[PDB]
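*Asks:* Here is the input, now give the coordinates:
(chains A, B, C, D, E, F, G, H, I and J)
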Amino acid sequence: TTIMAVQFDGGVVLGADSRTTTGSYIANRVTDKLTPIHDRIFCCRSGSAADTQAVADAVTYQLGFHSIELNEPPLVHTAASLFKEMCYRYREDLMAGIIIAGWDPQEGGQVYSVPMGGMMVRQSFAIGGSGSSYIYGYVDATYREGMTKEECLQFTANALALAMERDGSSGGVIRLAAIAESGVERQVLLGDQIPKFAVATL
Amino acid sequence: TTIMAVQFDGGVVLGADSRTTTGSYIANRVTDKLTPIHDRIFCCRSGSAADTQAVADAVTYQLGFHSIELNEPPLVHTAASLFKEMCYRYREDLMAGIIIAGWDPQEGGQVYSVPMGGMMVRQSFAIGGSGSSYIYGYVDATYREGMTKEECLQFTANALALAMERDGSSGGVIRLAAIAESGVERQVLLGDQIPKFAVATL
Amino acid sequence: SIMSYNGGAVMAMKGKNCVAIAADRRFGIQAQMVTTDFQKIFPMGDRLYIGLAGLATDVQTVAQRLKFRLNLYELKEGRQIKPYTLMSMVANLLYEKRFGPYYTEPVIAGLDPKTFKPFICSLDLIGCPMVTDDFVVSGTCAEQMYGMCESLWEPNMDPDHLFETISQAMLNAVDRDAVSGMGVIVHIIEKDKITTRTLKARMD
Amino acid sequence: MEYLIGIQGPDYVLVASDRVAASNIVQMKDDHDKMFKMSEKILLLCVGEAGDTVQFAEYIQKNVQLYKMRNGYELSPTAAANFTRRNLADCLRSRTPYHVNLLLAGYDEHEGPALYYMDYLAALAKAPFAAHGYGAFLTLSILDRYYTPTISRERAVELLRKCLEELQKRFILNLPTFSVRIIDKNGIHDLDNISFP
Amino acid sequence: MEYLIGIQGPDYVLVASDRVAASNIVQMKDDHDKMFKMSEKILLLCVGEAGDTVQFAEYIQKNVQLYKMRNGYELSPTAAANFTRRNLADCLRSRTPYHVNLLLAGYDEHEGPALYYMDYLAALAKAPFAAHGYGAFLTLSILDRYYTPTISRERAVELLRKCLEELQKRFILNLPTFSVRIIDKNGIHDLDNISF
Amino acid sequence: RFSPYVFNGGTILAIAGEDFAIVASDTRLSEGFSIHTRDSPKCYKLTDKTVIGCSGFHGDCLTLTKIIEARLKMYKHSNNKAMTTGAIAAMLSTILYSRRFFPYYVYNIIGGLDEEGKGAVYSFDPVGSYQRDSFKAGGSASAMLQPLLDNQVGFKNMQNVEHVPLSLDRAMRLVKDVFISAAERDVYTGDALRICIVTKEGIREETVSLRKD
Amino acid sequence: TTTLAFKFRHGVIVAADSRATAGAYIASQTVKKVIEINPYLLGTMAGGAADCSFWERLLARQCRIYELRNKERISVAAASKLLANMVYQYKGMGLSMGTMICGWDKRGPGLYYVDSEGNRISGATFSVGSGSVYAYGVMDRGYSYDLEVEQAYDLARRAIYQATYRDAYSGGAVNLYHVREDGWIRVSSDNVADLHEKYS
Amino acid sequence: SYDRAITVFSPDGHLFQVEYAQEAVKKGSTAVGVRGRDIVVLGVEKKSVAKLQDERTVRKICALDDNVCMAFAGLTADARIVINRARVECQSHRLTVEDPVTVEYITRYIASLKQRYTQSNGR
Amino acid sequence: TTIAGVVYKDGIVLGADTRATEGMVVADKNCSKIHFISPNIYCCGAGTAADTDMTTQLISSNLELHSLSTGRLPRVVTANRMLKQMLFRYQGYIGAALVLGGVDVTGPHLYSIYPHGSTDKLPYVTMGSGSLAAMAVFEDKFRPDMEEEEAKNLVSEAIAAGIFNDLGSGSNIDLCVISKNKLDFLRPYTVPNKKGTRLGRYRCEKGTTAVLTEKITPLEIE
Amino acid sequence: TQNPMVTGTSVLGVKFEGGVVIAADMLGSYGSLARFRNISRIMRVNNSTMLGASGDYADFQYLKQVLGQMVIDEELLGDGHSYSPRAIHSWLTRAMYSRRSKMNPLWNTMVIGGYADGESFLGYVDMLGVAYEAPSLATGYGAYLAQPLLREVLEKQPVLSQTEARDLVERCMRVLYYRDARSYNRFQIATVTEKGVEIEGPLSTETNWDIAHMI
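*Replies:* Numbers count the residues shown, from 1 in each chain, chains lettered A, B, ... in the order given. Now the structure:
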């Protein structure tokens, strides 16, 4: 899997592939790894599907209860902290890599990265999963400060396409989401819509 | 290690990092991985240094004897085939990833990739070593047909720099060689000469 | 396997208004027979029987625990257990130990308390119930006795024909395995009577 | 490594065991008693891993004697066999399995003589004759050869002597002396030790 | 494990061995003889892994008798001991090691009685008395207690009987009968088996 | 990591008669839980009077069949006579024991008319122990097949039944029925059944369908 | 398997079951474990049947070559040693073999027990097999050197029978062979079922 | 190795090297053997008594084994070689067969050795 | 085992084989691998058979309680969540691969549940040893908004492909159609293979088998 | 190759009237990395034969050079005899079995397809040396995925046209691209026929992905 988030001014763009695998068999080619933890907080899920689904539902439950009792929209840092506490306390028994991204009025668009082992880092762009390895260079070169929302969407699409073509575990369609004060705009890129890059073609 | 080579019209550009690691300690920070096998034929060496050096000297011995007997400049296909025969016959014993490149009168610039296990495939560009993983995306995105020698040198430098930044096993200086009908043009990028890309700010 | 340690064979068959349940008699530790009188078929009712093959210790233990549960059931509810209900009880008992399983492969054979419709089933190590209309088998020699049943069995058999079929099948099957044999006992259950016969078999 | 043998008869059960307790190679004891009287007319013979034998035997002995004191009548041999089998089987699943191989011999006024056999896995079997240990492999054929359900007790001690002198002839370990005793309606009777010098 | 014992004396060496052979839990043979007559005035007592004992012993036997045939005189006990030690040590690191524990006894006109000891690793040691097998542990201390370098041969036989009685009492395995042979200047002299 | 063996399945059976022999087998080849092909006969005509059936690792089966064919040609060239069934069996035992320390994982049955004209069936362990028998079943469903063969052909555990001599038609029906049952309750067996009848006239092939899984 | 052999005044008896098993499955109940090496000495099988058959057949051809060259039949001791030396080459390579080489020679009746481990031993009574432990006791009780030929037949037959009764992996029919100075004779082949009828 | 046919057939079908070796035997010191019912005797002619020779070293009657003996004529060194080879064969035969060697057997071994040299290459 | 499911225009169709294999011998035929959870929710099971049976029964009982209390038909998401949470708690040690299918107020829902607690909502799913062949059939011929007969034909074709190609599967085919209006549980919908006729009768006549002893105990019918 | 390094995924083949067709994706994968994405895993051994490979690509290249030299030697002899598809399949079976027997297996799983003497050959070889002929063949995960479709179609209709076979293999390749992780979009189709072996260039699967708007 490849999961990728990037922070633009006033929001975030999240992106992920649709492929989940058991060995070399693609059990689901249309999986949705971008889940709503809250109305404006999402998590990109990478690692064991069962572990990630369980932890995502638990954090959704806790953050909803916290949000209602505080009578305030929850904070992305709060969601990331809950994810960290769970993943760290169960680091031995858990195999999950999460990118927590969302928008809150206090701190704007935020992206947080929870790798395996239970640590929290805030990052301007974060990539995770098996396929992020192949696109570290592309994101390092391509990333520029102060990208627009559409520019970040194209950037995420291109990176995920590269990782998808170069990684067997990654594949399918690209699922993209843009979270901001206005709301979540979710889109799926399929077939020709997915960015394509030339082959050597001797 | 990160090695790469790219073919341009009338020649090749070769590139490599300059770090050899034993465990997590850099035994040589200025090693030369672009060994010469003939006046116009070079090998980029990745994997075990002992194995790569041994097969390189064996192959330049055989290729030199072959060239003096035939009284014509050797073919890069011949060099790649010799490397391939050695690596395949001793695939279990030696682990070595080699990118063989050079110039011939008849075929011009050629690049061949001899990964571990001794398959041989010609390639418009090749990357190898531990760091090649992290720059597959960059080379897939940025490669273009008809690149000049200077453009290929810049591409090689940028890719090797990204890989050196993101990979522990690759670091140091970038060693760059351009092989053409005229001859070898070895150059080294030290310090600020190495291309740099901004780290994420936060 | 641990199941092969003691060795056993149990069979049940369905005729017309009758059932037959048959099992070997050997008790031996990996190769050395100790006794030719082991009880592997136990009565769980007037015309309901259970047959256990596997480890001798777990055979006796699950038989005793099931009789505990069944006696409390019969006293509390004032009726005889239906065969399907005994199947479900045995499955619950075995699945209770899904980890660290009782090493047995039970077989239930009996007639319905009122309809007298015949019922045969088998359960796995961890209580997977399988109900069949022709035959069920368990033990080390499942392969041999499966083939022999698949050939010999015919639907709507008479009691005498059922006895002949089950006897031939058990004898010929236990002849071709090392760890089971030393005689075989056949119980025939009909609505009006129980007939138990011990066959003549090779003592090898 | 330890030998138990039991022969049932019309009105008796004969039991014998080797008298050796041993370290690695040294035979620390020449007169070890592996027979425990649970009650007046029942004996428990036990062999197995060291410690487990004496612990389990003593536990069953004290439970049976508690039954005697509480209820005023002795347990039946069959009931004692089922009880010790239950205790052994429960421990098998647990982290403290008693690795013990037992032979229970008894006489009941109603049900007559009985010999019971159980292995470390806690299977139980009534038998006419039985044996435990590596020597059992040698000596069972003697019993299977010369045994009769109507064997008299003099014939039984003779048969046992044949079985044991076969161990003397062929078994690798040295089991020089054996203890012998009979249970009957009168009760447990000690017999002269069958000693092969 | 089979038992070998040797007791050297002023003008003799006494050697004894258990007579059993065993497969798993059963003694297949009660009269198995573990003494090999390598020449008129030497014996080689051999215990160890099955097959290796007889094969190695017969090799040493043929070589010693060939030496006698070709030269016209017999090897001395010391030379025979060093020869078998050489052959055993040579095969220790080879593909076919002989797991064999030896006790070699002999007499020489010049050098008198000699008893030699070899381990499966092929370390050679002359000894006044020695034993092999698990029973050696039990019986050596009795030899240490009651041995004297000037022991007479009758007293030596009595000491041997003491050691074997200790084996009967304590050693778990059954070694009912023991061969006894004595080597002196006259030659190898067979003696009645000590038995229980 | 690399395992030189895989169990490709298959069942082989053979029956012998006073003037005939039968060799029969399934035609399913399957690795793991997947069928490779539904028409792979396990039975091969070594000569006019003999058939061999092989089951187990199919690579070993092919190699051993080729070896026996070559050795039969060699014997004919050297001795100017075709090999008898017993000679074939002894040679096969020798061949199998040749690789004692890296065994062929194949179960072989030799079925043919003997020199006297009687039917003869020889059954082989993988390591080359061979035994003449009136009937034998080998392969995955051997345990299923052999009890009914012992009862019907051998009249074992039956009293007050006359021991009729076996006939070609009765043996044929028994073969078809036992293979139907083994197809019913063995996963490896069932694609089809090839029956090869060896008699004085020669080999004759009969193919009957069996249950596709 | 259970095999049995002993020497008495009128020669050597050899007895064996007929069961061959693969795990629990009884592959054959009619194997001829006693191998007729040659007209004058014969062997038994225990352990690996293929190993025993192959190596004893090789011994047979070597014995015949020795007979042709030396114009005298090989002694039982010499043949046992040939077998032992043959198997010792392959020591540690997985050979499982148990054999009792039985015959006459200038010495007298001769019985030798050869093993894959390497032991070769002469004895009045031997039994090798899974049921040998059970067979040994009844054989030891019955055996005497002064024994009638019929008495020895009875002892061997009942010994193999009781061993089959106790041991799981031994069964079938009790083949019996009697070695006499002229050569071996196949005295009987009784099924253990009819023997169960007889003895009980 | 020196692979050459020292011995070959001649016209009239005679092996000249073998005949010449028999001539060499004829030159050697006499030996005589007489079989007897409870005894067998061997005698040999001292070629000359140097008066300084040690009698022990020059003996031509040698024991191949305890049960068998030999005497020879011809080249003494060749005699010594065959004697040693026969002795080792005696011991190996005893090892393999657990019985003493018979005279026919050891004679056949020596004969086979000599015949091999008459037909082998370079000997 | 092959179990498979598809969502058609107005409901779900579920399908499974009817073979139970212990090792490589067919322990049972006509086994039922389509289970009852609720009137509107049925579930196929694969993996460890006892685990499938017991977990389906437990969730059936819990949903019976839930539906009784709430007074409205149970939702499919509730079944999915109960199943996945139990399976996740047990960490795959209970071995069950489940195809969960039911219709509820929201609509038709098909869920695929793995042993470790993963779940996936899909239009079509397959599980068991024959999942790959069944998925090949589905990937080839599935189309959206199929009719009920078309969906039944597709599921039958997929389970048949699993039957013939895969060894572990093979017996009659079962189908189950859940719609908003009705349920049709179809024990054998198709019988692709049948046992052949036994040419020779081996029926043993009376007296063929010897008996050492006999005891007839009369039962007091009353 | 005790350990495969660069591997190729499923090869498929189906016999049709007047020839055979085989297809394979142009990919070599190094431990879930699509490292080499333009490689040909189909060989043209002679006019009447094709060979396609899965598994270690290095071993496939070795067998390419060996078998190419063999056919070249036959052409040098020029005696009017040429190797048949059955003959090449037999030789390959021998080679793979021998290398397995020496425990240095060639890791490949092969499909040999040819048309000679008015007859179509389609044969399989595995690294262990298992070999067989069938109307349709598939390797790797193709055995699990594509072979059901091929078997259903062939069982319904034993004999197929070239157009039907090409549509069928393309359909199966789309299924493989959907459900196989180690697969790649680009593939080549090779058909042996009376004319000869013709290998087409890279071809595309033409996927749907309409399921995404569900869920």
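*Asks:* Need the distance between the two termini of stretch F:147-156.
*Replies:* Across stretch F:147-156, the terminal residues are separated by 9 Å (Cα to Cα, to the nearest Å).
*Asks:* Any residue of it touching chain G?
*Replies:* No. Judged by Cβ under 8 Å from any Cβ of the partner chain, stretch F:147-156 makes no contact with chain G; its nearest approach is 8.7 Å. Bear in mind the C-beta positions are built from the backbone N, C-alpha and C, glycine included.
*Asks:* buried residues in that stretch?
*Replies:* Under the neighbour-count criterion of 16 or more other Cβ atoms under 10 Å in any protein chain shown, stretch F:147-156 has F:147-154, F:156 buried.
*Asks:* how about JSON lines for these, with secondary structure and distance to residue B:30 added?
*Replies:* Below are those laid out as JSON lines (DSSP: H, G, I helix; E, B strand; the rest coil; distance: Cβ to Cβ, whole Å):
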{"residue": "F:147", "secondary structure": "helix", "distance to residue B:30": "78"}
{"residue": "F:148", "secondary structure": "helix", "distance to residue B:30": "80"}
{"residue": "F:149", "secondary structure": "helix", "distance to residue B:30": "79"}
{"residue": "F:150", "secondary structure": "helix", "distance to residue B:30": "81"}
{"residue": "F:151", "secondary structure": "helix", "distance to residue B:30": "84"}
{"residue": "F:152", "secondary structure": "helix", "distance to residue B:30": "85"}
{"residue": "F:153", "secondary structure": "coil", "distance to residue B:30": "84"}
{"residue": "F:154", "secondary structure": "coil", "distance to residue B:30": "85"}
{"residue": "F:156", "secondary structure": "coil", "distance to residue B:30": "85"}
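*Asks:* ranges for the helices of chain C?
*Replies:* Taking DSSP state H to define them, one finds helices in chain C at C:56-77, C:83-96, C:142-152, C:159-175.
*Asks:* how about residue 110, what does it touch?
*Replies:* Defaulting to chain A. A:7, A:12, A:76-77, A:101-104, A:122 (Cβ atoms under 8 Å, 6 or more residues apart in numbering or on different chains).
*Asks:* actually it's chain I I care about, not the one you picked
*Replies:* I:5-7, I:12, I:99-101, I:121-125.
*Asks:* Who does it form a beta bridge with?
*Replies:* When assigned by DSSP bridges, residue I:110 has beta-bridge partners residue I:101.
*Asks:* and the strand or helix carrying residue J:170, is it in reach of chain A?
*Replies:* Using DSSP states H and E, the element containing residue J:170 is helix J:162-179. Yes. Using Cβ under 8 Å from any Cβ, helix J:162-179 reaches chain A at J:178-179.
*Asks:* mind listing the helices for chain H?
*Replies:* H:16-27, H:76-97, H:103-119.
*Asks:* Of all those, which one comes closest to residue E:154?
*Replies:* Among the helices of chain H, helix H:76-97 comes nearest to residue E:154, with 36.6 Å by Cβ to Cβ.
*Asks:* Give me the angle between the closest one and helix H:103-119.
*Replies:* 130 degrees (axes from the mean of the first three to the mean of the last three Cα atoms, to 10 degrees).
*Asks:* what about helix H:76-97, distance to the chain center?
*Replies:* Remark: helix H:76-97 is offset 10 Å from the chain centroid, using Cα atoms, centre = their mean, to the nearest Å.
*Asks:* Would that helix count as contacting chain G?
*Replies:* Yes. Legend: contact between helix H:76-97 and chain G by Cβ under 8 Å from any Cβ is shown at H:96-97.
*Asks:* Pick out the residue closest to the middle of chain H.
*Replies:* With distances taken as Cα atoms, centre = their mean, chain H has residue H:79 as the residue nearest its mean C-alpha position (5.0 Å).
*Asks:* OK, contacts around the closest residue to that residue other than its chain neighbours?
*Replies:* Using Cβ to Cβ, 6 or more residues apart in numbering or on different chains and skipping the chain neighbours, the partner closest in space to residue H:79 is residue H:72 (4.2 Å). For residue H:72, the contacting residues are H:28, H:31, H:60, H:79, H:82-83, by Cβ under 8 Å, 6+ apart.
*Asks:* would TSV of those with distance to residue E:143 be doable?
*Replies:* Shown next, in TSV, are the contacts of residue H:72 (distance: Cβ to Cβ, whole Å):
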residue	distance to residue E:143
H:28	60
H:31	57
H:60	52
H:79	52
H:82	50
H:83	46
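*Asks:* For chain H, what is the nearest residue in chain G?
*Replies:* Across chain G, no residue is closer to chain H than residue G:78, which sits at 3.9 Å (Cβ to the nearest Cβ).
*Asks:* hang on, residue A:77 in a strand?
*Replies:* No. Counting by DSSP: H, G, I helix; E, B strand; the rest coil, residue A:77 is located in no strand; its state is helix.
*Asks:* Sketch out the helices for chain D, chain order is fine.
*Replies:* Using DSSP H, the helices of chain D run over D:52-71, D:77-93, D:134-146, D:153-170.
*Asks:* ok, now chain A?
*Replies:* Assigned by DSSP H, the helices in chain A fall at A:49-70, A:76-89, A:132-142, A:149-166.
*Asks:* Helices of chain I, residue ranges please.
*Replies:* Here chain I has its helices, by DSSP H, at I:49-70, I:76-90, I:131-141, I:148-165.
*Asks:* counting contacts, what elements does the first one pack onto?
*Replies:* It refers to helix I:49-70. On a contact count with 3 or more Cβ pairs under 8 Å, 6 or more residues apart in numbering or on different chains; DSSP states H and E, helix I:49-70 meets helix C:83-96, strand I:34-36, strand I:41-47, helix I:76-90, strand I:96-103.
*Asks:* Mind checking which of the contacts of residue I:110 are in strands?
*Replies:* Applying DSSP state E to those, the entries found in strands are I:5-7, I:12, I:99-101, I:121, I:124-125.
*Asks:* Looking at these, which one is closest to residue E:192?
*Replies:* Minimum distance to residue E:192 across the ones in strands among the contacts of residue I:110 is 86.4 Å, recorded for residue I:99 (Cβ to Cβ).
*Asks:* does that closest one really touch residue I:5, like I thought?
*Replies:* Yes. Using Cβ atoms under 8 Å, residue I:99 makes contact with residue I:5 at a distance of 4.5 Å.
*Asks:* residues shared between the contacts of the two?
*Replies:* I:14, I:44, I:110, I:112, I:125-126.
*Asks:* which residues does the residue in chain H that chain A sits nearest to contact?
*Replies:* Nearest to chain A in chain H, going by Cβ to the nearest Cβ, is residue H:1, at a distance of 58.5 Å. Neighbour list for residue H:1: residue H:122 [criterion: Cβ under 8 Å, 6+ apart].
*Asks:* Sort out which one of the contacts of residue I:110 lies nearest chain E for me.
*Replies:* Comparing these against chain E with Cβ to the nearest Cβ places residue I:99 closest, at 55.5 Å.
*Asks:* Return the residues in contact with the closest one.
*Replies:* I:3-5, I:14, I:43-46, I:110-113, I:125-127.
*Asks:* At which residues are the helices of chain G located?
*Replies:* Using DSSP H, the helices of chain G run over G:49-70, G:76-88, G:132-142, G:149-166, G:192-199.
*Asks:* Leaving out the residues flanking it, which one is nearest to the closest residue to chain C within chain H?
*Replies:* Proximity of chain H to chain C (Cβ to the nearest Cβ) peaks at residue H:98, 36.7 Å away. Distances taken as Cβ to Cβ, 6+ apart place residue G:77 nearest to residue H:98, at 4.7 Å, with adjacent residues excluded.
*Asks:* Kindly reformat the helices of chain D as a markdown table containing mean neighbour count and distance to residue B:115.
*Replies:* Shown next, in a markdown table, are the helices of chain D (neighbours: other Cβ atoms under 10 Å in any protein chain shown; distance: least, Cβ to Cβ, whole Å):
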| stretch | mean neighbour count | distance to residue B:115 |
| --- | --- | --- |
| helix D:52-71 | 15 | 60 |
| helix D:77-93 | 19 | 54 |
| helix D:134-146 | 23 | 60 |
| helix D:153-170 | 19 | 67 |
